[PDB]
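Side chains are part of it too, since the values below use all heavy atoms of this structure and drop only hydrogens, waters and symmetry mates. Every chain is numbered from 1, with letters handed out A, B, ... down the list of sequences.
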Amino acid sequence: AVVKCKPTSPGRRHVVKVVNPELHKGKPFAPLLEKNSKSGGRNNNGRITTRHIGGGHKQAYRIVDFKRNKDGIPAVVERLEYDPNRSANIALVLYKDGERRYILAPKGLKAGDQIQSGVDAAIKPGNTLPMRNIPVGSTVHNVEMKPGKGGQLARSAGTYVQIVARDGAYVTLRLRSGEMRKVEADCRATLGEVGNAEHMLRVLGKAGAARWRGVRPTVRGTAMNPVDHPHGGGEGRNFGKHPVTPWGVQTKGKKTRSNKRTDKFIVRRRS
Amino acid sequence: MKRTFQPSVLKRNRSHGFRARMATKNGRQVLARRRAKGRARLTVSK
Amino acid sequence: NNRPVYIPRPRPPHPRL
RNA sequence: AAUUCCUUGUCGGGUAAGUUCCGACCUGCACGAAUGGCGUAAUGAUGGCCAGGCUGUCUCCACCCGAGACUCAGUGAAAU
RNA sequence: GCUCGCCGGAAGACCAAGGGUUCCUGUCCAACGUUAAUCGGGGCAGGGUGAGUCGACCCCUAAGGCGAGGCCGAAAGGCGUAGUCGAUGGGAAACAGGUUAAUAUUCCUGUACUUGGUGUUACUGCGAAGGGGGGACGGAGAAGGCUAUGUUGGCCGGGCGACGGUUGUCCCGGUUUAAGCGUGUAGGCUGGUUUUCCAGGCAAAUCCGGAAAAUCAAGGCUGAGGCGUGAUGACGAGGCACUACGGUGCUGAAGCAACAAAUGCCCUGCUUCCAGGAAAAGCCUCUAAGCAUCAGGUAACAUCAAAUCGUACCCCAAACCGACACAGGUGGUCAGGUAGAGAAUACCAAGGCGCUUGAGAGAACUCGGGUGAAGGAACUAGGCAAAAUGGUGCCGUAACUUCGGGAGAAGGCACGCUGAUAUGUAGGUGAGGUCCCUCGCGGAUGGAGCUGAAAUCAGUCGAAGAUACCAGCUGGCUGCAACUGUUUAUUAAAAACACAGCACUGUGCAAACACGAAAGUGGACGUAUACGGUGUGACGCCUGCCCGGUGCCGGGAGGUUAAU
RNA sequence: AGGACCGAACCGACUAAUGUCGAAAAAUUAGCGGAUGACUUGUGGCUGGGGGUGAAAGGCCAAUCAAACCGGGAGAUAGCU
């Protein structure tokens with residue numbers, strides 16, 4: 001649900017919250033937790049490799065099952081939980097044998113639902129099937145690119161891909177970016193689309209909302225000096241230069257895709 | 001006025017102590033230069 | 001009998017411009 | 001105009017008197033629509049102007065209370 | 001020694017960090033102390049630091065470091081696995097009183113507790129770098145139950161008094177006692193027990209998890225305080241006897257109740273919110289290999305061990321950081337009385353101090369302050385600085401607006417003391433007695449006692465009753481930026497920067513991109529509702545025309561065009 | 001509930017005065033801003049000089065920063081004093 005707060009005071013005026021009543025109001029499953037120390041954008045050398053990253057509230061990593069290797073074992077959905085790491089919510093799944101796992105929650109998933117994995121599975125949302133068994137023209141999420149890898153495509157909230165073509169041992173996928181990718185058939189995918197589709201409606205409201213979300217202030221190149229940035233300098237907001245990255249690479253319409261290795265799996269580019 | 005020098009025995013030893021100097025070769029060269037000069041206090045220590 | 005070590009920066013002069 | 005050389009542009013408001021300020025006109029030296037344009041409640045140790053209250057800011061200072069200055073004893077510098 | 005003054009959420013009392021004998025006693029005054037000096041944190045000598053329980057060490061781990069092999073690199077060396085280090089965190093145990101010129105939660109007295117080794121006795125299957133449980137966790141907010149602590153009354157001891165009154169509802173002092181053990185309460189959490197089965201817990205499992213039924217509605221866990229014991233002990237005003245006249249020794253009454261009440265405890269609780277809030281070991285429990293006349297384990301008793309290092313003193317300062325015995329800086333704990341909402345402010349207790357040059361005089365002038373005739377910004381770049389406003393309750397409150405605001409708008413009225421309503425009310429707390437009782441730290445009735453607003457009326461004092469301290473100046477028009485926030489440590493705190501939002505663009509994940517000769521890391525244990533870059537900067541109405549030039553993207557006839 | 005309001009501790013440093021061989025190599029006194037948050041603080045780590053870090057001032061990096069400090073090339077060079 002989307003609720004807009006009353007303009008009680010500045011900073012709360014523009015906040016738009018996304019309240020999810022069916023979320024679990026309690027501590028998560030301790031056995032599946034794992035510490036996640038923040039890096040602040042620093043790498044092993046200790047230098048800032050990625051800017052505008054730092055701070056934020058402490059958050060624990062949840063071991064989410066992406067491979068879904070428990071084939072032929074029906075499992076019930078215990079509840080849904082808030083995972084700070086993903087944009088989408090996660091679901092606690094209890095298998096018939098009595099083990100609990102975390103999975104991405106699609107739109108149609110809710111407590112008390114039944115899910116299954118492997119070829120011997122129905123077509124209900126949330127089931128894990130290989131594309132060869134999935135009918136063409138359907139919506140799937142958490143797609144794999146190589147068998148057993150785990151799934152990398154369509155993992156964010158409200159994301160999905162289409163089965164557009166089936167060329168024998170290969171399948172063509174149309175991604176939310178308008179990209180048509182050729183993928184090997186045997187590797188797995190999950191039916192339905194990721195839940196929490198209203199992630200756009202949130203606006204964070206104020207400056208500090210981004211601050212405790214792990215994001216640091218961004219400094220425009222113009223405000224910088226000539227030495228530290230290619231932009232900057234001059235009296236009175238002078239630019240007179242083509243936009244560029246801080247390291248001289250020309251941005252704003254310069255393709256940086258140079259792989260020559262995965263191009264054989266690319267059918268069409270973005271448009 | 002918080003001056004620059006804020007003493008701390010632990011940090012002083014872990015930054016300029018004997019074991020810190022010997023860990024890396026350059027510190028080893030520093031000890032060698034001190035010995036050649038014949039300084040009474042080779043390094044910092046209690 | 002140590003000669004003065006720290007000499008402060010001179011007071012800025014009056015602008016004769 | 002935070003932009004206007006000419007210039008204290010012209011008219012009105014405010015003052016006994018207004019190169020600032022507010023409103024209008026437009027001969028925009030050289031505003032202008034994301035190096036954003038025009039508005040905008042709230043906010044500001046922010047810029048400019050006006051009124052009430054208030055007073056030594058001032059007309060014009062006067063007196064008083066303390067610490068120095070001054071004298072005595074002791075110690076005893078500095079720039080040049 | 002007698003007075004005066006100052007601090008009293010500190011200028012008091014205890015610690016860490018950091019100093020390293022500055023501690024105490026004797027002795028000395030050259031130098032040191034901004035003066036003198038018999039004095040000292042100065043010189044010389046002697047003395048002083050006592051731990052199974054405090055801390056370190058030790059067991060475990062975070063960030064991070066190092067790193068066997070390994071990967072990479074002209075060499076040096078870089079990165080990193082198994083590992084091993086790393087408290088700012090987790091893990092066994094002590095309190096009260098007394099004593100030294102100087103140490104004590106360490107010594108002494110009294111009374112306790114914990115972890116191991118060995119032996120004995122009675123039972124028993126034990127057994128891991130392996131599994132599970134536990135350890136184990138956020139912010140904000142509220143209420144209840146308590147304590148530290150304080151006030152008052154009672155009780156005990158003393159006093160009745162140099163200027164009037166004071167045997168009285170008078171005045172002063174005291175009315176203190178822990179850890180541990182027992183009982184276990186208010187509160188909080190969870191439905192218990194039995195049996196069967198199960199590809200999960202990388203092997204196994206009587207454990208965890210899951211699925212089944214039978215049976216009962218109850219147990220279990222956690223838990224401050226209180227009450228007992230500890231303790232007919234200690235402490236204790238005061239009095240007495242000797243003083244190298246500093247003190248020593250002896251004796252020692254009462255030691256209760258009520259009320260108020262925390263920022264402390266119950267509470268790692270509870271209720272809520274999104275930003276979703278360490279790890280590992282000790283500990284509990286189940287098994288593998290292996291051992292089962294053993295070993296090993298459990299319970300009881302006895303005995304032994306608990307080493308080693310720190311322990312003085314300063315610690316908001318004369319002892320640390322500032323070259324100084326420097327108007328500066330420095331984390332944590334305790335923190336009383338009256339007034340007050342308050343850790344503000346004022347005055348005080350405990351306690352500690354008068355800041356290491358003084359004595360005179362009472363000129364200009366400078367500094368920090370007080371007051372002021374009449375005028376009231378005429379000063380000045382400019383109401384700069386000063387003056388003024390200042391609290392509580394009630395009444396009242398504009399334009400504008402994003403409907404929240406603006407707003408404490410503006411502007412008015414009442415504030416002391418005494419009496420009465422009411423020999424202190426409403427309220428709060430609540431004894432004895434009485435009635436029940438799944439019988440006790442229980443439930444009802446009951447109101448003694450104690451505490452205690454606000455309001456009304458009446459009277460009365462003063463020039464002034466928010467009487468001191470404390471404690472907004474207000475309103476109108478307009479520029480800029482939406483706002484909180486950030487910045488030129490040390491002349492610029494702004495219109496600058498950031499900002500939520502918006503748009504463009506790159507990126508299909510071995511992502512783009514960045515740091516690296518490389519390996520490898522970050523991005524991200526993320527993957528297009530995501531990430532990087534760039535510009536703009538809430539919100540409202542919008543964001544027009546131009547592709548020549550310079551960039552970028554796509555195309556390809558022809559020309560030109562390196563190495564070879 | 002709140003990057004909410006008034007206001008101490010705490011953090012900051014807007015105005016004025018004093019102080020410039022000062023008590024202090026940016027302080028004191030009287031007012032002032034934030035004060036549940038983009039807050040503040042202790043301890044210990046990481047980033048090393050053509051680099052770091054920077055809510056961006058060429059600011060900060062041991063009282064020094066339009067390229068730190070120390071040693072060396074080095075008795076650099078100086079048509080200049």
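In this model, the phosphate group of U527(E) is approached by a side-chain N or O of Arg155(A) to a distance below 4.0 Å at OP1 or OP2. For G44(F), the OP1/OP2 oxygens have a side-chain nitrogen or oxygen of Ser8(B) closer than 4.0 Å. The phosphate of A530(E) (OP1 or OP2) has a side-chain N or O of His199(A) nearer than 4.0 angstrom. Taking only side-chain nitrogens and oxygens, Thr49(A) never comes nearer than 4.0 Å to OP1 or OP2 of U521(E). Of the side-chain N and O atoms in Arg13(A), none sit less than 4.0 angstrom from OP1 or OP2 of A482(E). OP1 or OP2 of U507(E) sits under 4.0 Å from a side-chain N or O of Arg270(A). The phosphate of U507(E) (OP1 or OP2) has a side-chain N or O of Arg269(A) nearer than 4.0 angstrom. Residue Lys25(A) places at least one side-chain N or O closer than 4.0 Å to OP1 or OP2 of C273(E). Distances shorter than 4.0 Å separate some side-chain N or O of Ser9(A) from OP1 or OP2 on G3(F). A sub-4.0 Å separation between OP1 or OP2 of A496(E) and a side-chain N or O of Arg237(A) is present. Taking only side-chain nitrogens and oxygens, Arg220(A) comes nearer than 4.0 Å to OP1 or OP2 of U536(E). OP1 or OP2 of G516(E) lies within a sub-4.0 Å distance of a side-chain N or O belonging to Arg47(A). Distances shown here put a side-chain N or O of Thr222(A) below 4.0 Å from the OP1 or OP2 atom of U536(E). Dashed line: the shortest gap from a side-chain N or O of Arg213(A) to OP1 or OP2 of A275(E) is under 4.0 Å.
With a 3.5 Å ceiling on both atom-pair distances, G340(E) lacks any Watson-Crick or G-U wobble partner. Across every strand in view, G485(E) sits in a pair with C497(E) that passes the Watson-Crick or G-U test at under 3.5 angstrom. Across all strands shown, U121(E) pairs with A299(E); the Watson-Crick or G-U wobble distances both stay below 3.5 Å. Base pairing annotation: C197(E) forms a Watson-Crick or G-U wobble pair with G210(E), both donor-acceptor distances under 3.5 Å. Under the Watson-Crick or G-U wobble criterion, with both distances below 3.5 Å, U47(F) has no partner in any strand shown.
Aromatic ring centres of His231(A) and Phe239(A) lie closer together than 6.0 Å.
Within the model, atoms NE2 of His141(A) and OG1 of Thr159(A) stand 9.5 Å from one another, a figure rounded to the nearest 0.5 Å.
Follow the hydrophobic side-chain contacts under 4.5 Å out from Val164(A) and you reach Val267(A) in the same cluster.
Nucleotides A92(E) and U99(E) are separated by 36 Å at their P atoms, to the nearest Å. Using atom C1' as the reference point in both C313(E) and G41(E), the two lie 10 Å apart (nearest Å). Taking atom P in both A341(E) and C394(E), the straight-line distance is 16 Å, to the nearest Å. To the nearest whole angstrom, the two P atoms, one in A179(E) and one in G225(E), are 9 Å apart. Nucleotides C321(E) and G20(E) are separated by 8 Å at their P atoms, to the nearest Å. Spacing of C1' atoms, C502(E) relative to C542(E), comes out at 14 Å, to the nearest Å. Comparing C267(E) with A257(E), their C1' atoms sit 32 Å apart, to the nearest whole Å. Taking atom P on both nucleotides, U248(E) is separated from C324(E) by 43 Å, rounded to a whole Å.
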Problem - Letter per nucleotide, 5' to 3', of nucleotides 63-77 of chain E [B base touched, S only sugar-phosphate touched, - untouched; heavy atoms, 4.0 Å] - result: S------------SS

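Counting any heavy atom pair closer than 4.0 Å across all strands shown, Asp83(A) reaches no nucleic acid atom. Across all strands, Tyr6(C) comes closer than 4.0 Å to base atoms (heavy-atom distances). Contact annotation for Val227(A): base contact, defined as any heavy-atom pair under 4.0 Å involving a base atom. In this structure, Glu179(A) reaches the bases: a heavy-atom distance under 4.0 Å links it to at least one base atom across the strands shown. Base contact: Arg176(A) has a heavy atom under 4.0 Å from a base atom. Nucleic acid contact class of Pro226(A) (heavy atoms, under 4.0 Å, all strands): none. Nucleic acid contact class of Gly158(A) (heavy atoms, under 4.0 Å, all strands): base. As judged by a 4.0 angstrom heavy-atom cut-off over every strand, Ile266(A) is placed among residues touching the sugar-phosphate backbone only.
For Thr256(A) against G506(E), no side-chain N or O and base N or O form a donor-acceptor pair under 3.5 Å. Between the side chain of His14(A) and the base of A538(E) there is at least one donor-acceptor pair of N/O atoms closer than 3.5 Å. One N or O donor and one acceptor, one from the side chain of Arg261(A) and one from the base of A510(E), sit under 3.5 Å apart. Looking at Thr8(A), its side chain has no donor and acceptor atom pair within 3.5 Å of the base of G2(F).
Using a 4.0 Å cut-off between charged side-chain N and carboxylate O, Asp65(A) and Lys70(A) make no salt bridge. Electrostatic pairing of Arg86(A) and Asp83(A) counts as a salt bridge here, judged by a charged N lying under 4.0 Å from a carboxylate O. Using a 4.0 Å cut-off between charged nitrogen and carboxylate oxygen, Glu144(A) and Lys67(A) do not count as a salt-bridge pair. Here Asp263(A) does not pair with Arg269(A) in a salt bridge; the nearest charged N to carboxylate O distance is not below 4.0 Å. Electrostatic pairing of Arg79(A) and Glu81(A) counts as a salt bridge here, judged by a charged N lying under 4.0 Å from a carboxylate O.
Atom CH2 in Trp212(A) sits about 12 Å away from atom P in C274(E), given to the nearest Å. Spacing between atom CZ of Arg62(A) and atom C1' of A278(E) amounts to 13 Å, rounded to whole angstrom units. The interatomic distance linking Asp65(A) (CG) with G200(E) (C1') rounds to 13 Å, in whole Å. One interatomic measurement links the two molecules: CD1 of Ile73(A) to P of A211(E), which rounds to 16 Å at whole-angstrom precision.
A donor-acceptor pair shorter than 3.5 Å cannot be found between the side chains of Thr245(A) and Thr251(A).
Of the two residues contacting RNA chain F, namely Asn45(A) and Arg11(C), the nearest-nucleotide position lying further toward the 5' end is that of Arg11(C). Both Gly205(A) and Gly46(A) lie near RNA chain F, and the one whose nearest nucleotide falls closer to the 5' end is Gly205(A).
With a 4.5 Å cut-off on side-chain heavy atoms, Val203(A) and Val15(A) do not count as touching.
The main-chain N or O of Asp120(A) is found under 3.5 Å from a side-chain atom of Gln116(A) such that the two form a donor-acceptor pair. Distance alone, capped at 3.5 Å, places no donor-acceptor pair between the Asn13(B) side chain and the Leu10(B) backbone.
Residue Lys27(A) reaches into the major groove of the paired bases (side-chain heavy atom under 5.0 Å from a major-groove atom; none near the minor groove).
Under the 5.5 Å centre and 30° plane thresholds, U487(E) does not stack on its strand neighbour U488(E).
Nucleotide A30(D) shows a negative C1'-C2'-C3'-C4' value and thus a south, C2'-endo-like sugar. Sugar pucker of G70(E): north, since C1'-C2'-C3'-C4' comes out positive.
Residue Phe5(B) and nucleotide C321(E) are not classified as a stacked aromatic pair, given the requirement of ring centres less than 5.5 Å apart at an interplanar angle below 30°.
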